[PDB]
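Only one chain is included here, represented as structure tokens and corresponding to the form solved without the named molecule.
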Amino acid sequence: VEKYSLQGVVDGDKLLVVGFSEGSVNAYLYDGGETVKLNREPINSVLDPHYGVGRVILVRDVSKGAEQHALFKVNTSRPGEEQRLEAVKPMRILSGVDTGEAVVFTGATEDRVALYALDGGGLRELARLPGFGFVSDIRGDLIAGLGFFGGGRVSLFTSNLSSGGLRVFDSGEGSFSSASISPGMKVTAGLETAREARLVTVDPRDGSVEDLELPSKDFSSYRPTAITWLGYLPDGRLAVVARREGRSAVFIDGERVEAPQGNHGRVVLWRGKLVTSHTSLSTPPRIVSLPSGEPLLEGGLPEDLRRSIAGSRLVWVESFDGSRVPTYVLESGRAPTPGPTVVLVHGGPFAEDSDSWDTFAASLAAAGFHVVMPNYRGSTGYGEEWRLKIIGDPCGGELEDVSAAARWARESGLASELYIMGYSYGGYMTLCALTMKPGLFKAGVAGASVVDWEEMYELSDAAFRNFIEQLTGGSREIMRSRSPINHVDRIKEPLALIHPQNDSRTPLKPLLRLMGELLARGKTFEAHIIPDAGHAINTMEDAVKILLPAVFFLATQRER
């Protein structure tokens, strides 16, 4: 079914959206009635637009999933007419923003990640970022942003539009989750500490980290623990979407706004009426109004794929270190209790299983499988402490917790059998759970998985090279003993390896040596290499592409 993410306004007050619609991600214009297409070809994403500008910056995969993006400036008045910003080699755009006079954005290549500036003079490199870095906001000649530069920690990075450059602002307390410039050009960020979460006023000149205060104190009472996203509206109001335990709240000047139960994010000022992008375990990402909650954009979701879940529960699991991992349950009406159960680990890992829409969680509970979507340490939304616990310890505690969700299930009386399923870092978890715990589960599905750190290293761009060092405390001896490939002499339960050939995140190269390894020590497994597919789905299809083989493998087990 169709999906719509909020991008922002342009054309004055013509809401800009993006839709996973008809087997393709397309940028869209919405004027309160009939959505209008912009892109010609299925795109991938659309650079954060700056309110009311008459053009859009499409982000296209010119490599077929490989993540090498080409930029096209599609004037909004002329839907379907595109200009490939040629003064920009295809690369990996992590994020950017367009102001209508010039485009800045972050790109990572073999050699480096840097903040780029495309204006009416040609290409310019603003600043070279340590590793994964994102353009949060631009206001004036200012450039506010985020960056994973050290310790799974997130930092505040600021640059310039003309002279460029960059100074990185840290917090001993915690990481940053999003920012947006204010009138005072002081970066209003959200400090996520091992503790809780709140706003701060990080000033560019000296880097003052004073606490930010809001008029209404709802947000200051919601006791947020992790700020999804935030940012000022044109009227001048600071839009803050915090959240705790998978659910979020709309706050304007502290002033809480009533919104559909689940999750939202970017909030906008369309025709002067607040608007965000809802998503719930049962409702797929969509664009609604607030606080009324009426949906402006939502795709025809069946009444059975929502009926394919008898219920949901946030249970808190007892981890080995006595840590409680906040887990997400999903009963599969099309299954009994206990019954077959699959442990669906979110990838990331700095992601999480919240009360939001998960296509795997749905299909799964639809396949007669209850689901367990634990927020192991490294996950997001549960404090800077739980997320930084993984750094340097990939495939350790988390796994344990990921195993503690498994533990729960059977004794909890809901699992008659347990299988672990995952993608990306989740695919990676399916591999450690199976190599480090050749028994916990009945079987494992790994997709766009991580099988060798040292190779994924020798096959990654500057973005990804740095990411690893971090998640392993800059030590090879981890990329060695925390890479399942070297632990293939110990796997016992079956395993399906779903993998996109062109994935440039989790390459296929090291994944094919893994299959070949399995074949040596003759292990029972099945491989799935999807064609011209990368790490994500820029089509409605490739959802089912790496989710069709899975279920069969996962149902073949069912019958012993």
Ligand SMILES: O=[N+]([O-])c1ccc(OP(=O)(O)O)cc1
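The first residue of the sequence shown is number 1, and the count goes up from there.
Undergrad: Looking at the other compared entries that model residues on both sides of it, is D235 unmodelled in at least a third of them?
TA: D235: modelled in every other compared entry.
Undergrad: Would you mind checking whether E294 is unresolved in the model of at least a third of the other PDB entries compared?
TA: No, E294 is modelled in every one of the other compared entries that cover both of its flanks.
Undergrad: Looking at the deposited entry, does 504 to 512 or 490 to 498 carry the larger mean Cα B-factor?
TA: The entry gives the higher C-alpha B-factor average to 490 to 498.
Undergrad: For the stretches 183 to 191 and 400 to 408, which has the higher mean C-alpha B-factor as given in the deposited record?
TA: Result: 183 to 191.
Undergrad: Between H264, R92, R237, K273, which one tops the list for Cα B-factor in this entry?
TA: The C-alpha B-factor peaks, among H264, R92, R237, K273, at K273.
Undergrad: Taking the values straight from the PDB record, which of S449, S282, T76, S379 has the highest C-alpha temperature factor?
TA: Comparing C-alpha B-factors across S449, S282, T76, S379, the top value belongs to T76.
Undergrad: Pull the Cα B-factor of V329 out of the PDB entry and bin it into the chain's lowest, middle or highest third.
TA: Tercile = lowest for this residue's CA B-factor.
Undergrad: Could you tell me which third, lowest, middle or highest, the C-alpha B-factor of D31 occupies within its chain?
TA: For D31, the deposited C-alpha B-factor lands in the lowest third.
Undergrad: According to the PDB entry, is the CA B factor of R387 in the bottom, middle or top third of its chain, that is, lowest, middle or highest?
TA: Ranked within chain, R387 CA B lands in the lowest tercile.
Undergrad: Report the third (lowest, middle or highest) to which the CA temperature factor of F169 belongs, ranking only the modelled residues of the same chain.
TA: Ranked within chain, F169 CA B lands in the highest tercile.
Undergrad: Where does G52 sit by CA temperature factor within its chain: lowest, middle or highest third?
TA: Top third by C-alpha B-factor.
The same protein has a further form, the form solved in complex with the named molecule, not shown here; the description that follows concerns it.
Undergrad: Of these, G348, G392, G150, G164, which has a heavy atom no more than 4.5 Å from the named molecule in the bound PDB entry?
TA: The residue in contact is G348.
Undergrad: Identify which of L281, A239, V200, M456 has a heavy atom within 4.5 Å of the named molecule in the bound PDB entry; exactly one of them does.
TA: Flagged contact: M456.
Undergrad: Please run the contact check for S379 against the named molecule in the bound PDB entry: heavy atoms, 4.5 angstroms, yes or no?
TA: Outside the cut-off, so no.
Undergrad: Check whether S424 has any heavy atom within 4.5 Å of a heavy atom of the named molecule in the bound PDB entry, and answer yes or no.
TA: Within the cut-off, so yes.
Undergrad: Taking heavy atoms and a 4.5 Å cut-off, does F464 contact the named molecule in the bound PDB entry?
TA: The answer is yes: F464 has a heavy atom within 4.5 Å of the named molecule.
Undergrad: Give a yes/no on whether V315 approaches the named molecule to within 4.5 Å in the bound PDB entry, heavy atoms considered.
TA: Looking in the bound PDB entry, residue contacts with the named molecule do not include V315, since no heavy atom lies within 4.5 Å.
Undergrad: Using a 4.5 Å heavy atom cut-off, indicate which stretch of 34 to 42, 524 to 532, 49 to 57, 502 to 510 touches the named molecule in the bound PDB entry.
TA: It is the stretch 502 to 510.
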